[PDB]
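Input: a single structure, listed below in structure tokens.
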Amino acid sequence: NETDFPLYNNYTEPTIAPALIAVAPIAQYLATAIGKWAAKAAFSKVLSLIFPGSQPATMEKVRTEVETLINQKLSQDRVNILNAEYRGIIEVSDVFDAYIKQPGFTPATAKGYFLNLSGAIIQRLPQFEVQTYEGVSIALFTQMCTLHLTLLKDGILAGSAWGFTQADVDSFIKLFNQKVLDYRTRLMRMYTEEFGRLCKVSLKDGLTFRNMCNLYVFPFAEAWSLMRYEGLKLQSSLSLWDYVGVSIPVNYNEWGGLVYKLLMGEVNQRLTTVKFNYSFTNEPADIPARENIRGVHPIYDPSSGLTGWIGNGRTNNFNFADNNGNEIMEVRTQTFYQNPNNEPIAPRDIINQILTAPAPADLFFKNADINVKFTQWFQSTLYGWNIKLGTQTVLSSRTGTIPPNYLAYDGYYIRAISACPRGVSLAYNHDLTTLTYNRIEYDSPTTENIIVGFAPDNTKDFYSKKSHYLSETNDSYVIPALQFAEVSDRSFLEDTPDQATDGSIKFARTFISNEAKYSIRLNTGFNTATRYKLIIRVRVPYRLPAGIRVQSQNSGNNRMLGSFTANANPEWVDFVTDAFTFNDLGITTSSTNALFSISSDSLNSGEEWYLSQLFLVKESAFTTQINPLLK
Amino acid sequence: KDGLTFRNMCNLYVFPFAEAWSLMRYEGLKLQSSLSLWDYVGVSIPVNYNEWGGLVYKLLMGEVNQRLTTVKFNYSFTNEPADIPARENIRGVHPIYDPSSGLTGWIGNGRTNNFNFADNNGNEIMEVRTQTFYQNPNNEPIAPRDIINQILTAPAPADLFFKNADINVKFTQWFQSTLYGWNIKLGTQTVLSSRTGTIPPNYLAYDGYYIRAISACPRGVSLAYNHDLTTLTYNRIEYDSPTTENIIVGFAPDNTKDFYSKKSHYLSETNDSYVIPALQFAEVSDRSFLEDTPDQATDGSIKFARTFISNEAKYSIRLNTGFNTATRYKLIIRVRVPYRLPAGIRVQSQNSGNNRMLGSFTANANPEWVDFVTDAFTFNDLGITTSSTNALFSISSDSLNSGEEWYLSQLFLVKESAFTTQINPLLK
Amino acid sequence: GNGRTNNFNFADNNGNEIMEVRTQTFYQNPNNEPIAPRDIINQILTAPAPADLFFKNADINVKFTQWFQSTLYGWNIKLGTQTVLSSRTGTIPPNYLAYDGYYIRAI
């Protein structure tokens with residue numbers, strides 16, 4: 001607090017690398033099972049990873065890590081309560097785990113053991129859903145639902161071997177199909193509640209809480225929605241956000257209407273330049289020196305002019321900033337005083353300049369060092385800033401040395417650099433800030449904050465090459481909907497972090513059509529005779545008479561891959577196309593314009609639908625194991 | 001002003017016939033001009049020819065496939081030195097087309113002050129007025145001076161379009177200085193009555209034409225920048241300047257009123273031939289520009305120049321009741337391909353889920369305009385009915401190389417029975 | 001104090017003193033129209049000595065108004081029978097300045 005020690009992503013000691021958190025081996029094995037499930041054997045492994053040695057020791061490691069990230073701490077009484085519920089789950093699972101490992105056991109015996117385990121988990125689940133402590137317990141809730149949903153799938157697959165009749169399995173399928181939805185709803189209920197509450201205090205606080213869920217909660221929620229299949233890929237592409245600066249409250253309606261859009265900029269483009277509006281002054285000789293951050297201007301595609309200033313880029317107000325075809329970079333004013341005795345010849349300084357930092361030769365910044373120092377004076381608080389991006393010192397404070405604030409995450413790079421408007425209403429231009437065809441910007445006298453988004457390394461190829469490259473050696477590919485080649489107008493950015501991506505497209509055009517296109521190229525050695533299938537993840541809350549249509553476009557060769565009836569349903573649904581090969585689509589190793597198109601007709605006023613992600617999977621590696629239509 | 005006056009003449013006496021020349025080899029197409037007439041009111045501003053096609057024409061057209069819904073004016077009045085007479089200034093012009101696109105910005109400037117802001121509290125500042133008072137016992141100069149800076153708003157009428165206007169400017173010399181006084185009227189709405197004295201009328205109107213665009217030309221600044229950045233879409237069509245001191249009005253012919261009202265092309269049974277200017281598109285791809293091709297007897301052509309994804313323009317087509325869907329039709333495409341396109345140019349029908357290829361044409365290099373004719377088809381084949389609301393015609397090509405480009409001019413839809421090629425163009 | 005009514009240029013120049021500078025500004029929105037036009041006023045107020053050579057009494061008072069950390073002001077000025085300033089912020093109670101057997105010499 002009152003020390004000048006180095007910080008690490010705003011914290012006082014280094015943070016655990018995202019790949020070394022206590023839930024990481026549980027996620028790693030989950031991804032393996034999504035691609036190939038080992039019947040009547042996966043609940044055991046998941047049991048040994050969540051409760052190693054029949055001990056709750058790992059689950060307490062998870063609690064302590066979460067408590068440190070969000071600066072919330074459970075009381076010693078609440079801790080005694082959770083551990084008691086862990087041991088109850090352990091005992092019942094020890095009985096069941098032990099019995100299936102006995103070769104030649106009695107199937108009807110395990111049936112009763114199976115049922116006892118399921119009810120014991122269902123019974124203790126509400127203990128992790130108390131609203132007063134949901135900021136911490138949401139991570140614990142996720143592991144418990146994960147253990148239960150795994151038990152149901154194993155039971156469904158190994159039916160009679162565990163003493164289940166065909167009416168038993170049919171009962172479990174209905175139970176699974178309902179609880180995979182109910183568990184998602186209950187988790188999202190806790191996340192939106194605590195996030196909305198924390199943002200109203202401060203956006204920095206709400207981002208810090210969101211950074212935790214991205215690592216501990218949302219990757220598993222996505223996994224839940226893939227467990228009914230075998231052969232798809234589990235991959236998260238959620239970004240981590242570092243907020244440096246003052247406190248700015250934000251309602252939840254303001255987060256989704258304006259703020260998130262300003263942070264993302266051009267969601268399918270890499271950053272090539274960012275600029276900063278900087279102020280320095282010490283004109284009253286008594287008051288100490290001060291600095292101000294007035295605006296932030298990230299530039300993505302240099303040919304789009306989509307993103308504008310957040311804050312303001314006005315360096316003066318005496319006349320202009322363009323005129324003669326040249327931008328004004330720095331205005332400096334000096335003033336001099338003098339008296340015979342005790343000469344106050346200390347010349348004051350006023351500085352207003354735009355600071356430019358081009359993207360490096362490596363296309364992306366790997367890390368940064370940005371910090372702000374507060375200084376109190378009567379009723380006023382002053383500011384001093386330090387900026388560094390990559391190896392480029394942008395700003396060294398003129399008010400005094402400021403300790404470092406190392407912003408970095410192993411396995412992540414910097415994609416977006418934005419800021420949040422300060423001192424103005426965040427209620428305007430929501431319905432006008434679309435993905436394209438509008439000026440993504442907001443005016444403000446200052447921002448006094450800088451926000452940095454770290455994207456996972458699995459996204460580096462797309463933001464470098466502007467296309468998705470398919471290999472022969474992989475079986476499944478995930479395509480986040482925001483990694484599009486082009487999109488139609490009157491479409492928005494929707495925050496859907498439960499999908500384990502950085503967002504979804506909400507279409508809302510009432511003329512022509514709604515369309516999103518994705519660029520596909522083939523690496524050499526690709527087998528064009530292999531059969532593939534395509535899965536489309538959408539949500540259709542209003543009826544679409546003409547439906548949704550997936551199509552291949554390869555120069556002159558256009559082909560329909562699937563046309564799907566779109567009935568109204570407020571949950572996420574999956575559409576699977578027939579099989580095809582790449583030779584049918586005419587796509588080769590030299591093809592440079594091949595696109596996948598997902599499209600619908602125009603909509604009515606007040607209607608909308610959502611695109612989340614695409615799944616490309618070899619026909620041999622894919623199966624539907626739990627029919628979703630059996631509710 | 002002088003160059004527009006000369007261009008207005010050619011539009012009426014020269015260019016309609018040049019287009020006719022390029023249809024004489026056929027029998028069955030339609031001769032129709034859609035060139036606009038431009039009224040320039042204000043001071044003298046020189047402009048090179050490279051500046052006309054790189055920036056100025058684009059600023060005049062705004063959103064080339066949209067109708068105007070609002071235009072705003074930045075107005076200045078002052079008589080602060082009591083000796084010098086009153087003066088007025090036009091500082092900026094902001095035409096708004098699609099209210100959801102934010103494509104067009106100020107030409108000139110919309111800054112009414114510089115003491116602080118113009119937004120902040122979610123409300124735009126409309127008028128700043130400053131008064132000042134003096135006094136002396138004998139010969140009291142109690143005449144209070146006035147300084148006025150305000151934004152003037154004129155919404156598009158209930159008839160969707162203004163039919164005429166009355167705008168004029170009065171010059172007054174004073175030592176080495178020339179002063180200005182302005183009068184503005186649009187339709188039946190008096191926007192500005194001059195505070196310097198009565199100004200005679202200047203009736204702007206052409207029988208058979210209506211007002212589509214209201215723009216202006218930047219004054220006192222270089223017109224050399226942002227040419228390669230001012231595309232049809234995906235960029236901010238604007239230019240900063242201390243004043244404009246001019247207003248430019250474009251009158252479009254009445255044969256264009258249906259498209260700018262309905263946003264679609266309606267086909268009738270009783271007609272034989274239809275012309276579709278390329279700028280009357282439903283949507284267009286990025287990195288495409290406005291090209292002045294007045295010899296085509298239209299208001300311009302699309303120059304495609306995208307080096308990724310694809311180059312595509314789409315056109316909206318609806319059917320009036322009584323249309324015979326069993327009639328056979330053909331489609332003619334007027335393009336210019338100065339560089340080779342290996343994968344060619346492709347015409348396609350898109351009607352909800354029903355997409356069909358109407359023609360795929362070899363694109364060899366040739367610096368003259370060429371015509372591509374598709375095979376015959378019927379509208380029943382394309383699945384299009386009287387209730388269809390999303391049917392589109394797509395003309396597309398692949399991505400291009402750096403420095404390459406091709407041009408789209410117009411489309412011709414003609415009944416197969418009414419059309420013949422009478423002079424083979426391949427016999428050179 | 002200071003008699004500067006502005007800082008855009010001058011106060012003399014053409015042989016005449018500048019008495020009042022008033023600035024108005026106008027805003028507008030379709031719904032809940034904030035058409036309340038703001039006002040900025042800077043003026044020099046003159047009060048000549050009466051025909052009786054001296055003012056006998058006066059009525060001058062100031063009203064304080066608190067707002068967050070800020071205190072605002074409103075003034076009322078009267079000399080003799082001449083109302084110099086009536087407050088634009090609201091009514092301010094009188095403050096009778098007078099002493100029997102005394103007159104006003106200095107202000």
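For the structure tokens, the naming scheme is as follows: chains receive sequential letters (A, B, ...) according to their order of presentation, residues are indexed from 1 within each chain, and ligands are indexed from 1 in presentation order.
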
- Would you mind listing what lies within 12 Å of segment 155-166 of chain A as a PyMOL selection string, with only C-alpha atoms counted and same-chain residues fewer than 4 positions away left out? chain A and resi 37-44+96+99-101+103-115+117-118+148-151+170-177+228+624-627

Include C-alpha atoms and write out the residues we just selected as a tab-separated table (two decimals), in the first residue's frame.
chain	number	residue	atom	x	y	z
A	37	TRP	CA	-14.41	-40.93	-24.02
A	38	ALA	CA	-13.39	-44.10	-22.15
A	39	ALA	CA	-16.69	-45.71	-21.19
A	40	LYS	CA	-17.16	-46.78	-17.53
A	41	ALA	CA	-13.69	-45.36	-16.74
A	42	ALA	CA	-13.84	-41.55	-16.99
A	43	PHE	CA	-15.62	-40.87	-13.71
A	44	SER	CA	-12.73	-42.59	-11.90
A	96	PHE	CA	-18.82	-46.68	-5.49
A	99	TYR	CA	-16.77	-51.56	-6.12
A	100	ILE	CA	-16.47	-51.23	-9.91
A	101	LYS	CA	-12.74	-51.89	-9.62
A	103	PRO	CA	-13.53	-57.74	-11.28
A	104	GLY	CA	-16.64	-59.91	-11.30
A	105	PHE	CA	-18.74	-57.64	-9.08
A	106	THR	CA	-22.55	-57.70	-8.96
A	107	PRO	CA	-24.20	-55.27	-11.42
A	108	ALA	CA	-27.39	-54.76	-9.41
A	109	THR	CA	-25.18	-53.85	-6.43
A	110	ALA	CA	-23.50	-50.95	-8.24
A	111	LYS	CA	-26.93	-49.71	-9.37
A	112	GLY	CA	-27.86	-48.82	-5.79
A	113	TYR	CA	-24.39	-47.40	-5.16
A	114	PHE	CA	-24.69	-45.27	-8.31
A	115	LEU	CA	-28.02	-43.82	-7.19
A	117	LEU	CA	-23.81	-41.03	-5.15
A	118	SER	CA	-25.96	-38.95	-7.51
A	148	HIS	CA	-21.86	-35.07	-11.21
A	149	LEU	CA	-22.31	-34.52	-14.95
A	150	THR	CA	-19.42	-36.92	-15.57
A	151	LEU	CA	-21.08	-39.62	-13.45
A	170	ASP	CA	-33.68	-43.58	-20.73
A	171	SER	CA	-34.33	-41.97	-17.34
A	172	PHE	CA	-30.71	-40.82	-17.01
A	173	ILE	CA	-30.66	-39.35	-20.53
A	174	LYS	CA	-33.65	-37.19	-19.60
A	175	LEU	CA	-31.95	-36.23	-16.33
A	176	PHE	CA	-28.70	-35.31	-18.06
A	177	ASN	CA	-30.46	-33.31	-20.77
A	228	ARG	CA	-22.91	-35.20	-25.26
A	624	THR	CA	-23.52	-38.25	-30.87
A	625	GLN	CA	-23.55	-40.25	-27.63
A	626	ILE	CA	-26.44	-38.62	-25.72
A	627	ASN	CA	-29.43	-37.78	-27.92

- Message: Set the cut-off to 6 Å and count only C-alpha atoms: what are the residues of chain C that reach chain B? Output as a ChimeraX atom specification.
- Response: /C:18-27

Per residue of chain A within 9 Å of chain B, record the nearest atom pair and its distance in Å to one decimal, counting only C-alpha atoms, with rows in chain order and ascending residue number, as a tab-separated table.
residue	atom	partner	partner_atom	distance
A:303	CA	B:229	CA	6.5
A:304	CA	B:234	CA	5.6
A:305	CA	B:235	CA	5.6
A:306	CA	B:235	CA	7.2
A:317	CA	B:114	CA	5.9
A:318	CA	B:114	CA	7.5
A:319	CA	B:114	CA	8.0
A:320	CA	B:242	CA	8.7
A:322	CA	B:240	CA	7.8
A:323	CA	B:221	CA	6.4
A:324	CA	B:221	CA	6.9
A:325	CA	B:225	CA	7.3
A:423	CA	B:120	CA	8.8
A:424	CA	B:120	CA	6.4
A:425	CA	B:121	CA	7.2
A:427	CA	B:122	CA	8.6
A:428	CA	B:122	CA	7.3
A:431	CA	B:100	CA	8.9
A:432	CA	B:100	CA	6.5
A:436	CA	B:234	CA	7.4
A:437	CA	B:101	CA	5.6
A:438	CA	B:102	CA	5.6
A:439	CA	B:102	CA	6.8
A:443	CA	B:120	CA	7.3
A:444	CA	B:120	CA	6.9
A:445	CA	B:120	CA	8.3
A:485	CA	B:309	CA	7.2
A:486	CA	B:309	CA	8.1
A:490	CA	B:100	CA	8.4
A:511	CA	B:390	CA	7.6
A:512	CA	B:390	CA	5.7
A:513	CA	B:390	CA	7.3
A:519	CA	B:309	CA	7.7
A:546	CA	B:352	CA	6.7
A:547	CA	B:353	CA	8.3
A:548	CA	B:353	CA	8.5
A:549	CA	B:353	CA	7.0
A:555	CA	B:398	CA	6.3
A:556	CA	B:346	CA	7.0
A:558	CA	B:355	CA	8.7
A:560	CA	B:353	CA	8.9
A:563	CA	B:353	CA	7.7
A:592	CA	B:309	CA	8.4
A:593	CA	B:309	CA	5.7
A:594	CA	B:309	CA	8.2
A:595	CA	B:309	CA	7.9
A:600	CA	B:352	CA	7.7
A:601	CA	B:352	CA	6.3
A:602	CA	B:390	CA	7.3

- Message: I need the residues in segment 37-97 of chain C that are strand (DSSP E or B) according to DSSP; give them as an NGL selection string.
- Response: :C and (38-43 or 58-59 or 61-67 or 70-79 or 82-85 or 96-97)

Keeping N, CA, C and O atoms, export the residues of the selection given above as a CSV table (one decimal), in the first residue's frame.
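Here's the written file selection21.csv:
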chain,number,residue,atom,x,y,z
C,38,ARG,N,-28.8,28.8,-20.9
C,38,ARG,CA,-27.9,29.3,-19.9
C,38,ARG,C,-27.6,30.8,-20.1
C,38,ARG,O,-27.8,31.4,-21.2
C,39,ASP,N,-27.0,31.4,-19.1
C,39,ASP,CA,-26.7,32.8,-19.1
C,39,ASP,C,-25.4,33.1,-18.5
C,39,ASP,O,-25.1,32.6,-17.4
C,40,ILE,N,-24.5,33.9,-19.1
C,40,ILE,CA,-23.3,34.4,-18.6
C,40,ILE,C,-23.3,35.9,-18.7
C,40,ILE,O,-23.5,36.4,-19.8
C,41,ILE,N,-23.1,36.6,-17.6
C,41,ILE,CA,-23.2,38.1,-17.5
C,41,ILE,C,-21.9,38.6,-16.8
C,41,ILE,O,-21.6,38.1,-15.7
C,42,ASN,N,-21.3,39.6,-17.4
C,42,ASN,CA,-20.2,40.4,-16.8
C,42,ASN,C,-20.4,41.8,-17.1
C,42,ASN,O,-20.4,42.2,-18.3
C,43,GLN,N,-20.7,42.6,-16.1
C,43,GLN,CA,-21.0,44.0,-16.3
C,43,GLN,C,-20.4,44.9,-15.2
C,43,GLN,O,-20.3,44.5,-14.1
C,58,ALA,N,-27.9,52.7,3.2
C,58,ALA,CA,-27.7,51.7,2.1
C,58,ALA,C,-28.4,50.4,2.6
C,58,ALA,O,-28.7,50.2,3.8
C,59,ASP,N,-28.5,49.5,1.6
C,59,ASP,CA,-29.1,48.1,1.9
C,59,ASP,C,-28.3,47.1,1.1
C,59,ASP,O,-28.6,47.0,-0.1
C,61,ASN,N,-26.6,43.1,1.2
C,61,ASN,CA,-26.5,41.8,1.8
C,61,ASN,C,-26.1,40.7,0.9
C,61,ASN,O,-26.2,40.9,-0.3
C,62,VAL,N,-25.5,39.6,1.4
C,62,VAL,CA,-25.0,38.5,0.7
C,62,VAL,C,-25.6,37.2,1.2
C,62,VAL,O,-25.6,37.0,2.5
C,63,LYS,N,-26.0,36.3,0.3
C,63,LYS,CA,-26.6,35.0,0.7
C,63,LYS,C,-25.6,33.9,0.3
C,63,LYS,O,-25.1,33.9,-0.8
C,64,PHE,N,-25.3,33.0,1.3
C,64,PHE,CA,-24.4,31.9,1.1
C,64,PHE,C,-25.3,30.6,0.8
C,64,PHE,O,-26.3,30.4,1.4
C,65,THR,N,-24.8,29.8,-0.1
C,65,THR,CA,-25.4,28.5,-0.4
C,65,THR,C,-24.4,27.5,-0.6
C,65,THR,O,-23.5,27.6,-1.4
C,66,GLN,N,-24.5,26.4,0.2
C,66,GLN,CA,-23.5,25.3,0.2
C,66,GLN,C,-23.9,24.3,-0.9
C,66,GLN,O,-25.1,24.0,-1.2
C,67,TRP,N,-22.9,23.7,-1.5
C,67,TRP,CA,-23.1,22.7,-2.6
C,67,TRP,C,-21.8,21.8,-2.6
C,67,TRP,O,-20.8,22.2,-3.1
C,70,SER,N,-18.4,23.1,-2.1
C,70,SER,CA,-18.4,24.5,-2.6
C,70,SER,C,-19.5,25.3,-2.0
C,70,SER,O,-20.6,24.9,-1.7
C,71,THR,N,-19.1,26.6,-1.7
C,71,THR,CA,-20.1,27.6,-1.2
C,71,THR,C,-20.3,28.6,-2.3
C,71,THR,O,-19.4,29.2,-2.8
C,72,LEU,N,-21.6,28.9,-2.6
C,72,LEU,CA,-22.0,29.8,-3.7
C,72,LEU,C,-22.4,31.2,-3.0
C,72,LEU,O,-22.6,31.3,-1.8
C,73,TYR,N,-22.6,32.2,-3.9
C,73,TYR,CA,-22.9,33.5,-3.4
C,73,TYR,C,-24.0,34.2,-4.2
C,73,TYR,O,-24.1,33.9,-5.4
C,74,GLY,N,-24.8,35.0,-3.6
C,74,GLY,CA,-25.8,35.8,-4.2
C,74,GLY,C,-25.8,37.2,-3.5
C,74,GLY,O,-25.8,37.3,-2.3
C,75,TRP,N,-25.9,38.3,-4.3
C,75,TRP,CA,-25.7,39.6,-3.8
C,75,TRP,C,-26.9,40.5,-4.1
C,75,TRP,O,-27.6,40.4,-5.1
C,76,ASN,N,-27.1,41.5,-3.1
C,76,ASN,CA,-28.1,42.5,-3.3
C,76,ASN,C,-27.4,43.8,-2.9
C,76,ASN,O,-26.8,44.0,-1.9
C,77,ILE,N,-27.5,44.8,-3.8
C,77,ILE,CA,-26.9,46.1,-3.6
C,77,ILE,C,-27.9,47.2,-3.7
C,77,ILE,O,-28.7,47.2,-4.7
C,78,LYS,N,-28.0,48.2,-2.8
C,78,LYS,CA,-28.8,49.4,-2.9
C,78,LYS,C,-28.0,50.5,-2.2
C,78,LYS,O,-27.5,50.3,-1.1
C,79,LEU,N,-28.0,51.7,-2.8
C,79,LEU,CA,-27.4,52.9,-2.3
C,79,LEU,C,-28.4,54.0,-2.3
C,79,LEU,O,-28.9,54.3,-3.4
C,82,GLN,N,-31.4,54.2,-4.8
C,82,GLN,CA,-31.1,53.7,-6.1
C,82,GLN,C,-30.8,52.2,-5.9
C,82,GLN,O,-29.8,51.8,-5.3
C,83,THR,N,-31.7,51.3,-6.5
C,83,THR,CA,-31.4,49.9,-6.6
C,83,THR,C,-30.3,49.7,-7.6
C,83,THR,O,-30.5,49.9,-8.8
C,84,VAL,N,-29.1,49.3,-7.1
C,84,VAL,CA,-28.0,48.9,-8.0
C,84,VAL,C,-28.1,47.5,-8.5
C,84,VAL,O,-27.9,47.2,-9.7
C,85,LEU,N,-28.3,46.6,-7.6
C,85,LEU,CA,-28.3,45.1,-8.0
C,85,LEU,C,-29.4,44.4,-7.2
C,85,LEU,O,-29.5,44.4,-6.0
C,96,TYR,N,-30.2,46.6,6.6
C,96,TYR,CA,-30.2,48.1,6.7
C,96,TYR,C,-28.9,48.6,7.3
C,96,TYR,O,-28.6,48.3,8.4
C,97,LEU,N,-28.2,49.3,6.5
C,97,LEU,CA,-26.9,50.0,6.9
C,97,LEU,C,-27.2,51.5,7.1
C,97,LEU,O,-27.5,52.2,6.1

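In this structure, atom CA of residue 201 of chain B sits 19.0 Å away from atom CA of residue 154 of chain B.
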
- Message: Under the rule that only C-alpha atoms are counted, which of C:17, C:69, C:35, C:51 is the nearest residue to chain A?
- Response: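 Distance minimum relative to chain A lands on C:69.
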
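Proximity ranking of C:14, C:99, C:68, C:87 relative to chain A places C:68 first, based on only C-alpha atoms.
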
- Task: Extract, using only C-alpha atoms, all DNA, RNA and protein residues at most 10 Å from residue 269 of chain A, discarding same-chain residues fewer than 2 positions from it, and format them as number ranges by chain.
- Result: A: 264-267, 271-272, 299-301, 415-416, 462-464, 466, 482-485

- Using only C-alpha atoms, which of the listed residues (A:577, A:397, A:235, A:379) sits closest to chain C?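 For chain C, the nearest of the given residues is A:379.
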
- List every residue of segment 104-307 of chain B that DSSP, applied to the backbone of this structure, assigns to helix (DSSP H, G or I), and report them as a ChimeraX atom specification. /B:254-262,294-296

Dump of N, CA and C atoms for the selected residues, as an mmCIF file, in the first residue's frame:
data_model
loop_
_atom_site.group_PDB
_atom_site.id
_atom_site.type_symbol
_atom_site.label_atom_id
_atom_site.label_comp_id
_atom_site.auth_asym_id
_atom_site.auth_seq_id
_atom_site.Cartn_x
_atom_site.Cartn_y
_atom_site.Cartn_z
ATOM 1 N N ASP B 254 -36.176 12.418 -62.457
ATOM 2 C CA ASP B 254 -37.330 11.775 -61.833
ATOM 3 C C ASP B 254 -37.369 10.263 -62.058
ATOM 4 N N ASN B 255 -36.663 9.739 -63.068
ATOM 5 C CA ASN B 255 -36.631 8.290 -63.250
ATOM 6 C C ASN B 255 -35.904 7.566 -62.119
ATOM 7 N N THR B 256 -35.263 8.292 -61.197
ATOM 8 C CA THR B 256 -34.570 7.708 -60.053
ATOM 9 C C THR B 256 -35.369 7.786 -58.756
ATOM 10 N N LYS B 257 -36.549 8.412 -58.774
ATOM 11 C CA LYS B 257 -37.285 8.662 -57.539
ATOM 12 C C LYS B 257 -37.772 7.364 -56.902
ATOM 13 N N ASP B 258 -38.160 6.383 -57.722
ATOM 14 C CA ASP B 258 -38.650 5.118 -57.183
ATOM 15 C C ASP B 258 -37.576 4.393 -56.377
ATOM 16 N N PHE B 259 -36.340 4.344 -56.886
ATOM 17 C CA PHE B 259 -35.302 3.584 -56.195
ATOM 18 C C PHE B 259 -34.924 4.233 -54.870
ATOM 19 N N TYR B 260 -34.752 5.558 -54.857
ATOM 20 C CA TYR B 260 -34.380 6.225 -53.613
ATOM 21 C C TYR B 260 -35.530 6.290 -52.615
ATOM 22 N N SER B 261 -36.766 6.020 -53.046
ATOM 23 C CA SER B 261 -37.900 5.917 -52.134
ATOM 24 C C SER B 261 -38.073 4.503 -51.590
ATOM 25 N N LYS B 262 -38.061 3.498 -52.471
ATOM 26 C CA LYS B 262 -38.382 2.125 -52.087
ATOM 27 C C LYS B 262 -37.165 1.271 -51.743
ATOM 28 N N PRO B 294 -19.289 9.765 -66.953
ATOM 29 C CA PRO B 294 -20.521 10.394 -67.452
ATOM 30 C C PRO B 294 -20.870 9.999 -68.871
ATOM 31 N N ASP B 295 -19.923 9.444 -69.627
ATOM 32 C CA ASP B 295 -20.223 8.914 -70.951
ATOM 33 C C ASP B 295 -21.188 7.733 -70.904
ATOM 34 N N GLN B 296 -21.292 7.052 -69.765
ATOM 35 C CA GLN B 296 -22.241 5.959 -69.586
ATOM 36 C C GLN B 296 -23.668 6.445 -69.349
#
